[PDB]
Amino acid sequence: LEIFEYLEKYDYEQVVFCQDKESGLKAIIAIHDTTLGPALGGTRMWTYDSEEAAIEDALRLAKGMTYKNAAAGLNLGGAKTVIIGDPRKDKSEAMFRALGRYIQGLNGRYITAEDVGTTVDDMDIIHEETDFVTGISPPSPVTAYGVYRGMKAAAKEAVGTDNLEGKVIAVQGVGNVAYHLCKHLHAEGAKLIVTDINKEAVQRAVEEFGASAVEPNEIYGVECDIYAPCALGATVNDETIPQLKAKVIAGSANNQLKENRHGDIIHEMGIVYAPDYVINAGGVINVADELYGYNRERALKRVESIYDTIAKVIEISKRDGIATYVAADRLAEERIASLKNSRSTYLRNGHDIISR
Amino acid sequence: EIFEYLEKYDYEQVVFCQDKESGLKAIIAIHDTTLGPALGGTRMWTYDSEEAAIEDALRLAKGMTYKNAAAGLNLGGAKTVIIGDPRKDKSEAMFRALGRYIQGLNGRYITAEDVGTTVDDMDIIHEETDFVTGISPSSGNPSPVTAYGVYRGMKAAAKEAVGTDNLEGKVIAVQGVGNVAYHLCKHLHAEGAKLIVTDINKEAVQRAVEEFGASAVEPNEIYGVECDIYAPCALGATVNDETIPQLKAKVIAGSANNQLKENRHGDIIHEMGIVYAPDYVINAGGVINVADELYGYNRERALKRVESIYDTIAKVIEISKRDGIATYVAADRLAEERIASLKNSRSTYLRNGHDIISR
Ligand SMILES: NC(=O)c1ccc[n+]([C@@H]2O[C@H](COP(=O)([O-])OP(=O)(O)OC[C@H]3O[C@@H](n4cnc5c(N)ncnc54)[C@H](O)[C@@H]3O)[C@@H](O)[C@H]2O)c1
Ligand SMILES: NC(=O)c1ccc[n+]([C@@H]2O[C@H](COP(=O)([O-])OP(=O)(O)OC[C@H]3O[C@@H](n4cnc5c(N)ncnc54)[C@H](O)[C@@H]3O)[C@@H](O)[C@H]2O)c1
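Heads up: the protein sequence lines correspond to chains B and A, in order. According to the authors' numbering, the residues represented by the first sequence are 3 to 140, 148 to 365, in order. According to the authors' numbering, the residues represented by the second sequence are 4 to 141, 145 to 365, in order.
This is the structure:
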C-alpha cells in the first residue's frame with residue numbers, strides 16, 4: 003500500500019504498528035484526528051485476508067470514530083486498533099499486557115475499549131498497564154435505547170409527530186441490541202415486524218411484543234412505515250430501496266448505505282434516514298461517560314440527546330437541501346472546526362477528559 | 004509485508020507520523036527498548052519509494068540497538084526517517100509537528116541530528132519535547151570525539167595484528183580528510199605515525215600534507231597503497247570483492263558506516279589475517295557524546311566512555327579467536343549478551359526505579 007498518500011489525503015495524524023513476539027501480537031493503532039482531545043476507539047481482533055486489508059480497515063474505522071465522537075458531542079478524536087488474529091485461538095494475557103504498554107507508550111493520545119473479537123476480560127488485562135481504556139466497570150441495551158430516541162426524531166419529520174402509535178416498524182435482526190430495542194418500541198403502541206437467521210430468537214420477539222415474523226429476504230417489501238436494520242450493514246442498496254415501503258430508516262447497524270449515492274436518492278424519494286453513526290452512538294457515549302467518571306443518569310441523558318442530534322441533522326437536510334448523512338458529516342466537521350477556533354486561547358492549566 | 008519483518012527481528016513499533024499543513028511524512032522505527040529509551044537520529048532524505056523509506060528506517064533502528072548496546076549506553080534502538088528534500092521541504096511547522104509526535108511517545112523515543120537535519124532543526128523539535136539531544140545554542147562537537155573514538159579503536163586493533171598499541175612508525179591510509187578524518191590524523195601524526203591521505207576535495211588533502219607532512223594518492227588507488235592500517239573515513243561498502251584483494255594493510259579501522267559491503271566480506275578478511283575493527287563499535291564516539299548530553303554533559307566522563315572503545319574492540323578481538331568468528335559477529339554477540347544479561351539482572355522490582363530520563 004501507499005500509506006502516507008492516504009494519510010495526507012484525509013490528514014490522518016499517526017498509524018502505530020505494534021509487535022510483541024512472545025505473545026505474537028500484531029496491532030495497528032490508527033489515529034485520524036485528536037483536535038477535540040484524546041482519540042477514542044475500540045480494539046477489533048479479526049483474521050484478515052492480507053496485512054494490506056488490516057491497515058485499510060484500521061484507517062477506515064478510525065476516520066469513522068472521528069465523526070461519531072464529534073457528532074455525539076464527545077471531547078474525543080478518532081482512532082481504532084486492529085489486532086490481526088483468530089480471537090477463538092490466538093489471545094493471551096501477554097498479548098493484552100503488551101498492547102496495554104504500547105497504549106501507555108502513547109500517553110493519552112489513544113484510549114481503547116472492546117470491539118469485534120475483544121472481551122471485557124481483554125480490556126481488564128490492558129487496564130493493568132494503562133488507564134487509557136474504558137468499558138471495564140458498569148453496553149448493548151444503551152446503544153438500543155440510543156436508537157429508541159433516534160427513531161422518534163426521525164418519525165417526527167416524515168410522520169409529523171414524534172409519537173409512534175399507528176406506525177409499523179420492520180426490525181431486521183433480533184440481536185443483543187435489536188431485542189432490547191423492541192421492548193422499548195411496542196410499549197409505545199407501534200406495530201413490530203421482526204426477522205432473523207436464528208428463528209428461535211425471532212419467536213421470543215413475536216411472543217413477547219406481538220410482532221409478525223418474516224423470512225430474512227422479505228423484511229424490505231413488508232408493508233411498514235419505519236425500517237430498523239439491527240443485524241447487517243450495506244442493507245440499503247439498489248435492490249432493497251425500491252422494495253422499501255417505509256418513509257423512515259433508523260437502526261443500530263453500521264454502513265446502512267451501500268454507497269454514498271444511495272443516501273442521495275433516498276432523500277429525493279421523501280424517505281427520512283437517521284444516519285448510522287449518529288443514532289448507534291449510544292454505546293460509545295456510555296464508555297465515553299465512564300472516563301469523566303460514570304453517572305447512570307447523566308450518561309443516559311447524553312444518550313437521550315441522540316433525538317436532538319437527528320432532529321438538527323433532519324433540519325440541515327432541508328435548510329441546505331442535502332441527504333441526512335451529508336448534513337451529519339457537516340454537523341461533525343462544523344463542531345470540530347468551530348471549537349478548534351474558540352479554544353485556541355492559551356491557558357497553562359488546560360482541562361481535558363484525562364484531567365478527571 | 005511489515006509485521007513479518009517486525010516479528011522476524013522482534014521490532015517493537017513502527018510509528019507513521021503525518022501533518023498535512025507542514026507536509027511532514029516521518030517513520031519513527033523502534034527495534035528494542037530493553038536497556039531503556041530508544042535513541043536514534045532523524046534522517047531527512049529523498050526516497051525512490053515509500054517501501055524503501057520504511058526499509059531504511061527499520062534497518063537503521065535495528066542498527067542503533069546494537070551500537071548503543073556495545074557502546075555501553077542505557078538506550079535501545081530507533082531511527083526517524085522523514086521523506087523529503089532537506090534543501091526544499093523543511094519548515095518550523097514540520098519540526099514543531101514531529102516534536103509533538105515525539106512527546107506523543109513520552110520517552111520511548113529520543114531523537115537527534117542525522118543526514119539532512121541541522122541542529123536548528125532539533126532546536127525547533129526541542130520547543131515541543133526534551134526527548135532530543137545535540138543542542139548547540141545550549145553541548146557536543148561532535149566529529150572530533152567520533153575521531154578520538156577511532157584513534158582508541160585503532161590502537162587495540164594495532165596491538166592485535168601488529169603487536170604493540172603504539173602507532174609510531176606505522177603507515178596509515180586515511181580514506182577521506184572529512185571533519186572526523188582530519189581530527190583522527192591530528193591524533194595519529196602527533197603520536198609519530200605516517201599518513202597517506204586521499205579525497206575528492208583536493209584542497210582538504212593539501213591541508214593534511216601541509217599540517218602533518220603527509221603523502222597523497224588519487225581516490226581510486228588508496229586500497230593497493232603499501233600501508234600498515236586502512237581507515238575509511240569517507241564512504242561505506244568500501245570493503246567489497248574489488249578492494250579486499252587490493253588491500254595491503256593488516257588492520258582496517260575508520261569512522262565510516264557499513265564498511266563491509268556484504269556479511270561474507272567480514273568472514274574472508276578474518277581468514278586473510280586482516281584485523282577489522284567493526285564500524286558500529288569504533289564510530290560510537292559521536293553517539294556516546296550526545297548520549298552523555300542527556301545524563302547532563304560532562305567533558306571528562308564523556309571522553310572516558312569514548313576512551314573505553316579500546317577495550318570494547320579488545321574484547322571483540324578476544325571473542326573473534328575464543329569462538330573463531332569474524333570480528334563483526336563477535337561484536338553482534340557482545341551487544342546481545344549485554345542486552346540479555348541486564349534484562350535478567352534488572353528484573354528485580356523497584357517502585358522508585360532509575361533511568362536516563364530520571365536524570
Ligand atoms: N452493540 C452496539 O453497541 C452496536 C454499536 C455499533 C454497531 N452495532 C451494529 O448493530 C449490530 C450489532 O448489534 P448486536 O450485537 O446486538 O447484534 P448481534 O450480532 O448480537 O445479532 C445480529 C443478528 O443479525 C442476524 N442476521 C444476520 N444476518 C441476517 C440476515 N441476512 N437477515 C436477518 N437477520 C440476520 C443474526 O441472526 C443475529 O441474530 C451489527 O449490525 C453492528 O454493526 C451495534
Ligand atoms: N562525524 C561523525 O561523528 C561520524 C560518526 C558516524 C558516521 N560517520 C561516518 O563518517 C563518514 C564521514 O565522516 P565526516 O562526517 O567527518 O566526513 P565529512 O562528511 O565531513 O567529509 C567526507 C569526506 O569524504 C570525501 N570523500 C567522499 N567520497 C570519497 C571518495 N570516493 N574517495 C575519497 N574521498 C571521498 C569527501 O571529499 C569529504 O572530504 C560518513 O560517511 C559516516 O559513515 C561519521
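The C-beta atom is built at its ideal place from N, Cα and C for all residues, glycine as well.
With DSSP as the reference, please indicate the residues paired to B/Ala-29 in a beta bridge. Among the bridge pairs identified by DSSP, B/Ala-29 is matched with B/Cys-20 and B/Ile-85.
Consider the Cβ of A/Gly-39: report whether some Cβ of chain B lies at a distance smaller than 8 Å. no
If contact means a Cβ-Cβ distance below 7 Å, which residues of the region 93 to 111 of chain A contact chain B? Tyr-104, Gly-107, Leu-108, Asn-109 and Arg-111
Residues that B/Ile-85 contacts on chain A, provided the C-beta gap is smaller than 7 Å: In chain order: nothing, as chain A lies at least about 11 Å away.
In chain A, what lies closer than 9 Å to B/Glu-15 by C-beta? The contact set of B/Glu-15 on chain A, defined by CB atoms closer than 9 Å, consists of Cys-20, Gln-21, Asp-22, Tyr-104 and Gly-107 in chain order.
Listed by chain order, chain A residues near B/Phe-6 by CB distance under 8 Å: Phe-19, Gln-21, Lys-28, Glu-53 and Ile-86
Unbroken stretches of the alpha helix (DSSP H), 4 residues or longer, contained in the region 187 to 237 of chain A: 208 to 218
Can you confirm whether B/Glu-58, when its beta carbon is compared against all beta carbons of chain A, has any partner nearer than 8 Å? Not a single CB atom of chain A sits nearer than 8 Å to the CB of B/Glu-58.
Relative to the C-alpha of A/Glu-24, which residue among A/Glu-217, A/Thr-354 and A/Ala-96 is closest? A/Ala-96
Looking at B/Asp-205 and ligand 1, is the gap between the Cβ and the nearest heavy atom below 7 Å? yes
In chain A, which residues lie less than 8 Å from B/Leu-9 when you measure between Cβ atoms? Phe-19, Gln-21 and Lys-28
Cβ of A/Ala-81 within 8 Å of Cβ of A/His-34? yes
beta-carbon A/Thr-152 near ligand 2 non-hydrogen atom, thresh 7 Å: yes
Considering only C-alpha positions, which residue in the set A/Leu-9, A/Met-67, A/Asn-109 and A/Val-135 is nearest to A/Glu-299? A/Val-135
Where does A/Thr-121 fall in DSSP's three states? coil
What does the Cβ neighbour count give for B/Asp-117, buried or exposed, with the cut at 16 atoms within 10 Å? A residue is called buried when at least 16 other Cβ atoms come within 10 angstroms of its Cβ; B/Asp-117 meets this threshold and is buried.
Enumerate in chain order the residues of its own chain whose CB-to-CB distance from B/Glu-130 is below 7 Å, with the five nearest sequence positions on each side excluded. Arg-99 and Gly-102
Comparing C-alpha positions only, which one of B/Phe-6, B/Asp-171 and B/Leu-27 sits nearest to B/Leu-61? B/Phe-6
Beta-carbon proximity list for B/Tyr-286, same chain, < 8 Å, skipping 5 on both sides: Residues of the same chain with a CB within less than 8 Å of the CB of B/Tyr-286, apart from the 5 flanking positions on each side, are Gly-66, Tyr-69, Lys-70, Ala-73, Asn-263 and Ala-337 in chain order.
According to DSSP, which residues form a beta bridge with B/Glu-116? For B/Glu-116, the pairing in a beta bridge is given by DSSP as B/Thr-45.
Quick check on the burial criterion: 16 or more other C-beta atoms within 10 angstroms. Buried or exposed for B/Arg-307? exposed
With three or more beta-carbon pairs closer than 8 Å as the criterion, would you say the region 274 to 283 of chain B touches the region 317 to 337 of chain B? yes
Classify A/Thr-49: buried if its beta carbon has 16 or more other beta carbons within 10 angstroms, exposed otherwise. exposed
Any contact between the region 173 to 185 of chain B and the region 225 to 243 of chain B? By contact I mean 3 or more CB pairs, one from each, below 8 Å. yes
Can you name the start and end residues of the beta strand (DSSP E) that A/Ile-178 belongs to? 177 to 181
Work out the CA separation of A/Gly-137 and A/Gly-43 for me, nearest whole Å. 11 Å
Pop quiz: B/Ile-345 and B/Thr-37 are said to be a contact at Cβ under 8 Å. What is the actual Cβ separation, rounded to whole angstroms? 5 Å
Jot down the residue ranges of each uninterrupted beta strand (DSSP E) in the region 281 to 308 of chain B, minimum 3 residues, whole runs only, in chain order. none
Specify the secondary structure class of A/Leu-266 as computed by DSSP and reduced to three states. DSSP places A/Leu-266 in strand when its eight states are reduced to three.
Distance, A/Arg-213 Cα to A/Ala-255 Cα: 24 Å
Am I right that B/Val-177 and B/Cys-239 are in contact with their C-beta atoms under 8 Å? What's the rounded C-beta distance? Incorrect: roughly 16 Å between the Cβ atoms, too far for contact.
What's the C-alpha gap between A/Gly-39 and A/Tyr-112? 9 Å
Under 7 Å from any heavy atom of ligand 1, does the C-beta of B/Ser-261 make it? yes
Under 8 Å: do the region 193 to 202 of chain B and the region 168 to 177 of chain B share three or more Cβ pairs, one atom per stretch? yes
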